[PDB]
Structures are given as C-alpha cells and as structure tokens.
Amino acid sequence: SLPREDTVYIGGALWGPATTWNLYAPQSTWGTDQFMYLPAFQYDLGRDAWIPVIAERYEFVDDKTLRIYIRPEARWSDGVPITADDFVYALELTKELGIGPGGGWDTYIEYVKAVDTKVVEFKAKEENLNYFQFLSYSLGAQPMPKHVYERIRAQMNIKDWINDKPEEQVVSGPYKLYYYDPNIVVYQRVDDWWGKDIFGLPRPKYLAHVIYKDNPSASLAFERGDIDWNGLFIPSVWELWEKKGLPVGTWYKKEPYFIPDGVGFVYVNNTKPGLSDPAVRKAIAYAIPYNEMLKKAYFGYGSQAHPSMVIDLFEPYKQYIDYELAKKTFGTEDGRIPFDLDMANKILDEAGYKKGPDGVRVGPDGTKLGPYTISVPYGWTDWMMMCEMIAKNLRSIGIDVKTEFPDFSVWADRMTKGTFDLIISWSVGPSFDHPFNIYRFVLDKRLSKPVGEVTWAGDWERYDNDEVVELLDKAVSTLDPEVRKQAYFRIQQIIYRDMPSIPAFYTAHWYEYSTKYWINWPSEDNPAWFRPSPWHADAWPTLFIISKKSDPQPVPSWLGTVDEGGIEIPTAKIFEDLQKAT
Ligand SMILES: OC[C@H]1O[C@@H](O[C@@H]2[C@@H](O)[C@H](O[C@@H]3[C@@H](O)[C@H](O[C@@H]4[C@@H](O)[C@H](O[C@@H]5[C@@H](O)[C@H](O)O[C@H](CO)[C@H]5O)O[C@H](CO)[C@H]4O)O[C@H](CO)[C@H]3O)O[C@H](CO)[C@H]2O)[C@H](O)[C@@H](O)[C@@H]1O
Ligand SMILES: [Ca+2]
C-alpha cells in the first residue's frame with residue numbers, strides 16, 4: 001500500500017531472493033551497501049572529485065599518514081554519534097572474518113587508529129608502499145556501527161546475522177529496510193537522517209524493488225509504468241520512446257544508449273583440470289565471437305574490451321596500454337584479440353591437444369577438455385545468449401561446454417566460492433586509480449579465497465601469481481606516472497602469457513528511467529551524476545537529484561567542485577596535498 005507518488009520502483013538490481021542486510025554475511029541484499037552504509041568520502045567518477053560525506057575534511061600529516069575528520073553531525077540512525085571507533089571496528093572486523101567492506105586494507109594500510117572521537121588516522125604500510133590503495137581504503141572507508149555489531153557477536157556468529165528487523169536496523173545512510181517478502185524489498189527514508197542539513201533529504205520516501213523472475217517480465221513492468229528507475233538489459237531500448245511513445249529515457253538518446261560500467265569477463269576457473277592450462281584459456285579468447293555477439297545479443301550497447309584490461313573508451317587511460325606489445329601479440333590494428341577459430345584450433349594443436357573419438361580434446365597428459373559449464377544467472381537474457389554463442393564455438397574446437405542458468409544466488413555462490421568452470425561476470429570500471437583497480441581486482445591472489453570459501457573482493461578465478469603481487473606492490477611506490485606505466489606494461493605481458501581470464505566486452509551501465517512520477521533524472525542532457533544505475537555501488541546521489549513531477553526541486557547545491565560552488569574535492573587537489581606533504 002505504498003504511496004505511489006512518494007515511491008520509486010526499481011528494476012534490474014535485485015535478482016533472486018533477499019538474503020541479508022549484513023555486509024559481513026556471505027551474501028547481502030541490493031540496497032544495503034548502496035543506501036544503508038555511506039563512506040567517509042564518496043568518489044565522483046563524473047567529476048573526478050570526492051564528496052565529503054561522513055567525513056568533512058582530511059589532512060596529510062605526512063605523505064604516508066592521513067587523518068580524516070568525521071563530521072560532528074554524523075550520527076547513526078539510532079542517535080549514536082558516528083565515531084573513529086566505528087571506522088577502526090569496521091576494518092578490523094573485515095580482517096578478522098576474512099570478509100566485509102574494505103577487504104585487503106591490511107595489505108597496504110599499516111594501521112587504522114582512533115586518535116580522537118571524530119578523528120581517524122590511517123598510516124600507509126611502507127614495505128609495499130601504494131599511494132592509490134592508501135588513498136582508496138582511507139578516503140573510501142565505510143564505518144560500521146560498533147555498538148550494534150558487538151551486541152550481535154555476544155549473541156551469535158556475525159556471519160549468520162540477517163539484520164532484517166526494520167526497527168533494529170542502524171544505518172548511516174538516508175534509507176533502511178521497511179518491509180520484504182519473496183516478491184519484493186522495500187526501503188523507507190530516514191526523515192531525521194544526520195545529513196539532512198548538509199545534503200538535504202532524498203526526495204523519495206520509499207525505494208521498492210519487485211522481484212521479477214527475468215528480463216522480459218521486468219521489461220513489461222517498465223513498459224506499463226511500474227518501474228521508475230531501471231537497471232535492465234532491454235532489447236531495442238529506443239523503441240520504447242520512439243515507436244511506443246512511452247515517457248521513458250536513457251543516458252544517451254542515440255547509439256550506445258548507455259555509458260560504460262566496466263569490463264565484463266569470460267572468467268575461467270584456474271583450479272580446474274584443462275582450464276588450468278594457459279594455452280586452453282588463450283584458445284578460449286580466440287573463440288569468442290566478439291563482434292557478432294556484441295551486435296546481436298548485446299545490441300551494440302557495449303564494445304569489445306582491450307585484452308590489457310584497460311578501458312580504452314576513455315582517452316586518459318590509453319597511455320597505460322602497451323599498444324605495440326598488444327599489436328605484436330595479436331596482430332590487429334589496436335591489439336584486440338580477433339575472433340578466429342583457426343587460431344584457437346592451432347593454439348590447441350600446438351599445445352598437444354587432440355580430439356578424441358567424441359570430438360572433445362585430450363591433452364598430452366591425458367586431461368580431457370572436460371564436461372564444463374558456462375554459467376550466468378537465469379533471466380539475464382543478453383548474457384544467456386552470449387553464453388550460448390560462446391559455448392557453441394567452444395564445442396566446435398573440442399572443448400565440451402554447455403550452458404547452465406541457475407538462480408542469481410546459486411550463481412553468485414559458485415562464482416564467489418570458485419566452484420564454477422566458466423562464467424561471464426563483471427570486474428571493475430573507470431576510477432581515479434584505473435588500470436590498477438582492475439589488476440588488483442582480477443589478478444591478485446591476496447583478494448582471493450580457497451575454493452569453497454566466499455570472496456567478493458576479487459580473483460574469483462583463483463589465479464595464482466606472485467610476480468603480479470610484487471608488481472602491484474611497486475606500481476605506486478611513487479607518484480611518478482612512468483613507474484605506474486611500466487608496472488602496467490609488465491602486467492600486460494603476464495596477462496597475454498597466462499590469459500588468467502578473458503576481458504571480453506565493456507559492460508553497459510544499465511540505466512533507464514520513467515518520467516511518470518519522477519523528473520530531472522541524470523542523463524547526457526542533465527549530467528548531474530555519472531553513476532545513476534540503481535545497482536551501482538555509487539548510485540545514492542541520484543535520489544537527491546530527482547524530484548517529484550508534481551513539485552520540481554532544484555539540483556542540490558553541494559554537487560560540483562569547491563571552485564564551482566559545490567563541496568566536492570578534485571582528485572588533483574588531493575594529490576597536490578600529498579605532494580606538498582613531503
Ligand atoms: O546484462 C546482464 C544483466 O545485467 C543486469 O544488471 C547487472 C546488475 O544487476 C549487477 O549488479 C551488481 C549486484 O549484483 C552486486 O550486488 C551487490 C553484491 O555484490 C554485494 O555483495 C557484497 C560485497 O560487494 C561486499 O564486499 O561485502 C558483502 C559481504 O556480505 C557483500 O554482500 O552486496 C550488495 C548490497 O550490499 C549488492 O548490491 O553489486 C554490484 C555493485 O558492486 C552490482 O554491480 O551488475 C552487473 C554489472 O555488470 C549488471 O550487469 C541486468 O539487470 C539484467 O537485465 C541483464 O541481463
Ligand atoms: Ca556503501
């Protein structure tokens with residue numbers, strides 16, 4: 001019985017059943033990290049700047065010692081001040097449990113310390129100095145309510161906690177859980193949210209996500225007015241407003257329709273026999289029908305990824321790509337991997353793989369290129385079609401691969417515990433520290449977990465390489481772009497030699513909106529926020545920008561850099577202060 005005009009309905013973000021609202025549980029429900037728990041600083045990709053959220057400012061004591069000053073007003077939804085202890089607690093608990101927000105912080109942060117009630121101090125580990133990770137883990141730190149979690153641990157194992165009682169939920173964001181069941185999850189605004197004076201209140205009173213079983217059923221809901229804020233794959237999206245005259249839109253009104261989200265991989269499990277062979281993984285890369293699948297299945301909503309894992313859609317990242325290495329390795333104009341079944345077969349043949357009587361390859365060690373599955377969640381129709389196309393080409397070269405589409409939760413379980421064979425999945429996207437962020441996420445064994453244990457922090461494929469570790473530990477030991485560049489170049493050599501997993505395409509930042517009840521959605525025309533997809537980790541400002549149709553509100557005054565009248569701090573200003581602290 002939600003008030004329609006005060007409720008935003010979402011699609012494409014919650015798939016499968018709600019799980020928990022505990023960022024320390026094996027899985028959590030859409031909306032938890034996004035809306036319930038905010039960071040010290042929120043990175044703004046669109047402006048390359050940082051919103052001071054829970055924190056109001058930083059100070060470098062020296063270039064390796066950063067203090068973060070918590071806003072006095074910053075307060076949990078139960079009224080308990082957010083304090084430096086909350087920041088310490090969150091990170092220490094993640095280290096203890098092997099899971100949780102800020103995973104891997106202890107690798108690059110020496111300590112996090114509460115030097116006063118509203119002052120946290122982060123110190124960079126010197127032995128493997130990395131300024132990017134130092135800044136990422138500190139500025140982006142998410143506190144967690146120590147007074148809440150401690151009570152929980154005295155009562156039960158933290159990992160088993162569901163956090164599903166609305167009246168008990170304690171959050172730092174402007175929303176918390178209102179109600180849920182097998183068919184829906186609903187969030188309600190916290191009207192006396194601590195950030196009310198500084199940021200204003202977000203305009204929707206409720207966020208509601210009906211749980212749709214698949215793309216077509218969600219698409220129907222969208223076409224009939226039942227979804228305001230969508231993060232869906234939609235075939236021929238333009239026809240919604242052209243042909244059908246519906247009041248809906250996307251970021252772009254013409255071709256690509258969507259801004260890029262990141263890099264979609266064909267992930268290949270390194271621990272499986274056959275798939276453990278780099279030659280087999282290389283052959284898989286040549287058997288992906290990149291252009292045909294991206295045009296047919298993906299509607300040109302995204303294009304083929306560069307094998308360097310660098311997102312070359314953005315000109316500033318191109319410098320981090322060794323183009324002559326990539327061109328020399330793959331023999332194409334830009335160094336992308338070409339679809340070529342002849343080469344995939346040749347790679348297999350020269351690695352000693354020979355088709356048995358049933359067509360399926362057997363290695364020189366007797367390893368059969370197996371019954372394997374390629375898996376994506378049920379209902380994700382574009383990825384399913386791509387899986388069918390990839391699997392067919394693999395079967396033709398003697399790699400026995402069939403598709404399998406379990407519920408999201410099952411799919412996520414096998415992905416994170418590393419029991420899959422092949423999957424399509426995401427990685428990371430554009431960022432201040434990008435190409436490093438993707439190498440850290442995809443290639444770093446330190447972020448992985450043993451087979452059978454959940455990891456959301458990275459390296460689902462369980463790639464194991466000590467040299468990459470050394471390279472990342474050196475990559476940003478100084479701010480000199482040249483040092484970073486050279487480390488990226490050696491990593492790219494390693495990627496081509498090992499093919500740990502295949503960077504296939506640039507994922508679309510699925511984002512559609514209806515203007516039936518809500519207006520001023522971000523778009524190319526209204527570029528107020530550059531991560532507006534409802535499922536994105538950084539979607540929350542979107543809710544502060546939109547207005548009810550019956551009562552338009554202006555775009556928030558805090559958006560924009562300090563020099564433009566806003567409160568956001570350019571990444572350039574931060575590195576300037578770092579440099580000045582030497
Ligand atoms: O084109 C293909 C189809 O794409 C669909 O959209 C995709 C979109 O739904 C997907 O969303 C991602 C969310 O599933 C993801 O979910 C988050 C969980 O990962 C997160 O786990 C946390 C973990 O990050 C943290 O470290 O610790 C916690 C341990 O407990 C753990 O819970 O929980 C989050 C809430 O707390 C939850 O939101 O979050 C990702 C963001 O980081 C989302 O991106 O992303 C794809 C990216 O490519 C989208 O394609 C469309 O809906 C379909 O129509 C398409 O067919
Ligand atoms: Ca968050």
# chains A, B, ... in the order shown; residues from 1 in each chain; ligands from 1
$ residues_near_ligand --ligand "ligand 2" --cutoff "7 Å" --atoms "only C-alpha atoms and all ligand atoms" --output "number ranges by chain"
A: 33-39, 142, 537
$ closest_atom_pairs --of "chain A" --to "ligand 1" --cutoff "6 Å" --atoms "only C-alpha atoms and all ligand atoms" --output "CSV"
residue,atom,partner,partner_atom_place_in_ligand_line,distance
A:12,CA,ligand 1,52 (O),3.3
A:13,CA,ligand 1,9 (O),4.3
A:22,CA,ligand 1,30 (O),5.7
A:23,CA,ligand 1,30 (O),3.5
A:24,CA,ligand 1,30 (O),4.1
A:25,CA,ligand 1,30 (O),4.0
A:26,CA,ligand 1,30 (O),4.9
A:27,CA,ligand 1,32 (O),4.3
A:28,CA,ligand 1,32 (O),3.8
A:29,CA,ligand 1,35 (C),4.9
A:30,CA,ligand 1,38 (O),3.9
A:31,CA,ligand 1,35 (C),5.2
A:32,CA,ligand 1,36 (O),4.0
A:33,CA,ligand 1,36 (O),3.8
A:100,CA,ligand 1,27 (O),4.5
A:101,CA,ligand 1,26 (O),4.9
A:215,CA,ligand 1,54 (O),5.3
A:231,CA,ligand 1,52 (O),5.3
A:232,CA,ligand 1,54 (O),3.6
A:233,CA,ligand 1,54 (O),3.8
A:380,CA,ligand 1,56 (O),3.3
A:381,CA,ligand 1,56 (O),5.1
A:382,CA,ligand 1,56 (O),5.3
A:383,CA,ligand 1,2 (C),5.4
A:426,CA,ligand 1,48 (O),4.7
A:456,CA,ligand 1,26 (O),5.3
A:457,CA,ligand 1,26 (O),5.9
A:507,CA,ligand 1,48 (O),5.6
A:535,CA,ligand 1,11 (O),5.0
A:536,CA,ligand 1,41 (C),4.8
A:537,CA,ligand 1,41 (C),4.7
$ residues_around --residues "region 567-569 of chain A" --least-positions-apart "5" --cutoff "12 Å" --atoms "only C-alpha atoms" --output "ChimeraX atom specification"
/A:41-53,55-58,139,198-199,556-562,574-577
$ write_last_selection --atoms "N, CA and C atoms" --output "PDB file, in the first residue's frame"
ATOM      1  N   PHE A  41      34.362   9.479   2.375  1.00  0.00           N
ATOM      2  CA  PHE A  41      34.274  10.275   1.153  1.00  0.00           C
ATOM      3  C   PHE A  41      33.666   9.440   0.043  1.00  0.00           C
ATOM      4  N   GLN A  42      32.813  10.061  -0.763  1.00  0.00           N
ATOM      5  CA  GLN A  42      32.233   9.384  -1.913  1.00  0.00           C
ATOM      6  C   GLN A  42      32.945   9.814  -3.185  1.00  0.00           C
ATOM      7  N   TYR A  43      33.593   8.872  -3.863  1.00  0.00           N
ATOM      8  CA  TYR A  43      34.236   9.204  -5.128  1.00  0.00           C
ATOM      9  C   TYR A  43      33.201   9.543  -6.194  1.00  0.00           C
ATOM     10  N   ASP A  44      33.477  10.604  -6.943  1.00  0.00           N
ATOM     11  CA  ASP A  44      32.604  11.055  -8.025  1.00  0.00           C
ATOM     12  C   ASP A  44      33.342  10.893  -9.344  1.00  0.00           C
ATOM     13  N   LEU A  45      33.065   9.793 -10.045  1.00  0.00           N
ATOM     14  CA  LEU A  45      33.696   9.499 -11.330  1.00  0.00           C
ATOM     15  C   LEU A  45      33.440  10.589 -12.369  1.00  0.00           C
ATOM     16  N   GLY A  46      32.201  11.055 -12.449  1.00  0.00           N
ATOM     17  CA  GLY A  46      31.835  12.084 -13.406  1.00  0.00           C
ATOM     18  C   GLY A  46      32.651  13.366 -13.333  1.00  0.00           C
ATOM     19  N   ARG A  47      33.072  13.745 -12.129  1.00  0.00           N
ATOM     20  CA  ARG A  47      33.815  14.988 -11.946  1.00  0.00           C
ATOM     21  C   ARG A  47      35.271  14.755 -11.547  1.00  0.00           C
ATOM     22  N   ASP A  48      35.654  13.487 -11.405  1.00  0.00           N
ATOM     23  CA  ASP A  48      36.929  13.120 -10.780  1.00  0.00           C
ATOM     24  C   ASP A  48      37.153  13.916  -9.493  1.00  0.00           C
ATOM     25  N   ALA A  49      36.214  13.784  -8.570  1.00  0.00           N
ATOM     26  CA  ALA A  49      36.261  14.541  -7.342  1.00  0.00           C
ATOM     27  C   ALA A  49      35.685  13.695  -6.217  1.00  0.00           C
ATOM     28  N   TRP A  50      35.791  14.198  -4.989  1.00  0.00           N
ATOM     29  CA  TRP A  50      35.347  13.446  -3.821  1.00  0.00           C
ATOM     30  C   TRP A  50      34.357  14.249  -2.990  1.00  0.00           C
ATOM     31  N   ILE A  51      33.184  13.673  -2.741  1.00  0.00           N
ATOM     32  CA  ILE A  51      32.229  14.287  -1.828  1.00  0.00           C
ATOM     33  C   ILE A  51      32.614  13.963  -0.390  1.00  0.00           C
ATOM     34  N   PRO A  52      32.826  14.991   0.438  1.00  0.00           N
ATOM     35  CA  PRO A  52      32.943  14.695   1.865  1.00  0.00           C
ATOM     36  C   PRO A  52      31.567  14.325   2.421  1.00  0.00           C
ATOM     37  N   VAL A  53      31.377  13.055   2.771  1.00  0.00           N
ATOM     38  CA  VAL A  53      30.093  12.602   3.304  1.00  0.00           C
ATOM     39  C   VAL A  53      30.123  12.501   4.833  1.00  0.00           C
ATOM     40  N   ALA A  55      32.782  12.150   6.495  1.00  0.00           N
ATOM     41  CA  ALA A  55      33.923  12.991   6.834  1.00  0.00           C
ATOM     42  C   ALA A  55      33.752  14.379   6.227  1.00  0.00           C
ATOM     43  N   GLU A  56      34.335  15.391   6.869  1.00  0.00           N
ATOM     44  CA  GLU A  56      34.238  16.757   6.359  1.00  0.00           C
ATOM     45  C   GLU A  56      35.535  17.243   5.718  1.00  0.00           C
ATOM     46  N   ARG A  57      36.659  16.669   6.127  1.00  0.00           N
ATOM     47  CA  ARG A  57      37.952  17.035   5.558  1.00  0.00           C
ATOM     48  C   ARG A  57      39.035  16.025   5.918  1.00  0.00           C
ATOM     49  N   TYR A  58      40.172  16.133   5.236  1.00  0.00           N
ATOM     50  CA  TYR A  58      41.331  15.294   5.507  1.00  0.00           C
ATOM     51  C   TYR A  58      42.547  16.181   5.759  1.00  0.00           C
ATOM     52  N   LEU A 139      40.074   7.221   2.275  1.00  0.00           N
ATOM     53  CA  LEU A 139      39.022   8.156   1.877  1.00  0.00           C
ATOM     54  C   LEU A 139      37.690   7.433   1.691  1.00  0.00           C
ATOM     55  N   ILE A 198      23.178  19.308   5.732  1.00  0.00           N
ATOM     56  CA  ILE A 198      24.260  19.444   4.768  1.00  0.00           C
ATOM     57  C   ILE A 198      23.858  19.025   3.349  1.00  0.00           C
ATOM     58  N   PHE A 199      23.124  17.922   3.230  1.00  0.00           N
ATOM     59  CA  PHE A 199      22.818  17.354   1.913  1.00  0.00           C
ATOM     60  C   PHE A 199      21.355  17.495   1.519  1.00  0.00           C
ATOM     61  N   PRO A 556      20.714  19.742  -6.159  1.00  0.00           N
ATOM     62  CA  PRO A 556      21.427  20.025  -4.907  1.00  0.00           C
ATOM     63  C   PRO A 556      22.635  20.937  -5.088  1.00  0.00           C
ATOM     64  N   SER A 557      22.820  21.857  -4.145  1.00  0.00           N
ATOM     65  CA  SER A 557      23.873  22.858  -4.230  1.00  0.00           C
ATOM     66  C   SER A 557      25.251  22.275  -3.943  1.00  0.00           C
ATOM     67  N   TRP A 558      25.293  21.137  -3.252  1.00  0.00           N
ATOM     68  CA  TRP A 558      26.570  20.542  -2.852  1.00  0.00           C
ATOM     69  C   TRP A 558      27.291  19.816  -3.988  1.00  0.00           C
ATOM     70  N   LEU A 559      26.537  19.380  -4.992  1.00  0.00           N
ATOM     71  CA  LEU A 559      27.128  18.787  -6.187  1.00  0.00           C
ATOM     72  C   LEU A 559      27.948  19.833  -6.938  1.00  0.00           C
ATOM     73  N   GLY A 560      29.115  19.424  -7.431  1.00  0.00           N
ATOM     74  CA  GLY A 560      30.067  20.330  -8.054  1.00  0.00           C
ATOM     75  C   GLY A 560      31.318  20.452  -7.197  1.00  0.00           C
ATOM     76  N   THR A 561      32.434  20.842  -7.802  1.00  0.00           N
ATOM     77  CA  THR A 561      33.663  21.061  -7.046  1.00  0.00           C
ATOM     78  C   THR A 561      33.577  22.322  -6.172  1.00  0.00           C
ATOM     79  N   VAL A 562      34.531  22.471  -5.263  1.00  0.00           N
ATOM     80  CA  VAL A 562      34.592  23.645  -4.398  1.00  0.00           C
ATOM     81  C   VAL A 562      34.671  24.928  -5.226  1.00  0.00           C
ATOM     82  N   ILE A 574      43.810  16.559  -4.048  1.00  0.00           N
ATOM     83  CA  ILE A 574      44.267  15.575  -3.073  1.00  0.00           C
ATOM     84  C   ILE A 574      45.721  15.141  -3.309  1.00  0.00           C
ATOM     85  N   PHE A 575      46.071  14.866  -4.563  1.00  0.00           N
ATOM     86  CA  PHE A 575      47.449  14.517  -4.905  1.00  0.00           C
ATOM     87  C   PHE A 575      48.400  15.702  -4.731  1.00  0.00           C
ATOM     88  N   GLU A 576      47.877  16.908  -4.906  1.00  0.00           N
ATOM     89  CA  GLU A 576      48.661  18.110  -4.653  1.00  0.00           C
ATOM     90  C   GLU A 576      49.044  18.190  -3.177  1.00  0.00           C
ATOM     91  N   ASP A 577      48.089  17.897  -2.302  1.00  0.00           N
ATOM     92  CA  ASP A 577      48.342  17.931  -0.863  1.00  0.00           C
ATOM     93  C   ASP A 577      49.294  16.815  -0.451  1.00  0.00           C
TER      94      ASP A 577
END
$ residues_around --residues "residue 530 (chain A)" --least-positions-apart "6" --cutoff "10 Å" --atoms "only C-alpha atoms" --output "PyMOL selection string"
chain A and resi 44-47+251+259+509+522-524+538-539+541-542
$ closest_atom_pairs --of "region 391-465 of chain A" --to "region 470-494 of chain A" --cutoff "12 Å" --atoms "only C-alpha atoms" --output "CSV"
residue,atom,partner,partner_atom,distance
A:433,CA,A:476,CA,9.9
A:434,CA,A:488,CA,10.6
A:435,CA,A:488,CA,7.5
A:436,CA,A:472,CA,7.6
A:437,CA,A:472,CA,9.9
A:438,CA,A:488,CA,10.7
A:439,CA,A:491,CA,8.0
A:440,CA,A:472,CA,7.3
A:441,CA,A:472,CA,11.0
A:442,CA,A:491,CA,11.6
A:443,CA,A:491,CA,9.2
A:444,CA,A:472,CA,8.5
A:445,CA,A:470,CA,11.4
A:446,CA,A:472,CA,11.2
A:463,CA,A:494,CA,11.7
A:464,CA,A:494,CA,11.8
A:465,CA,A:470,CA,9.3
$ write_last_selection --atoms "C-alpha atoms" --output "PDB file, in the first residue's frame"
ATOM      1  CA  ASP A 433      43.208   4.643  -9.889  1.00  0.00           C
ATOM      2  CA  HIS A 434      42.190   2.789 -13.025  1.00  0.00           C
ATOM      3  CA  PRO A 435      44.129   0.295 -14.575  1.00  0.00           C
ATOM      4  CA  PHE A 436      45.436  -0.608 -11.101  1.00  0.00           C
ATOM      5  CA  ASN A 437      41.946  -1.192  -9.743  1.00  0.00           C
ATOM      6  CA  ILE A 438      41.285  -3.885 -12.364  1.00  0.00           C
ATOM      7  CA  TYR A 439      44.658  -5.617 -11.969  1.00  0.00           C
ATOM      8  CA  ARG A 440      44.138  -5.612  -8.190  1.00  0.00           C
ATOM      9  CA  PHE A 441      40.584  -6.943  -8.566  1.00  0.00           C
ATOM     10  CA  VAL A 442      41.140  -9.636 -11.211  1.00  0.00           C
ATOM     11  CA  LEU A 443      44.753 -10.769 -10.821  1.00  0.00           C
ATOM     12  CA  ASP A 444      45.627 -10.509  -7.081  1.00  0.00           C
ATOM     13  CA  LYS A 445      45.774 -13.822  -5.166  1.00  0.00           C
ATOM     14  CA  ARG A 446      45.619 -11.883  -1.868  1.00  0.00           C
ATOM     15  CA  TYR A 463      44.598 -17.069 -10.490  1.00  0.00           C
ATOM     16  CA  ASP A 464      47.853 -17.548  -8.556  1.00  0.00           C
ATOM     17  CA  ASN A 465      50.888 -15.416  -9.434  1.00  0.00           C
TER      18      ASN A 465
END
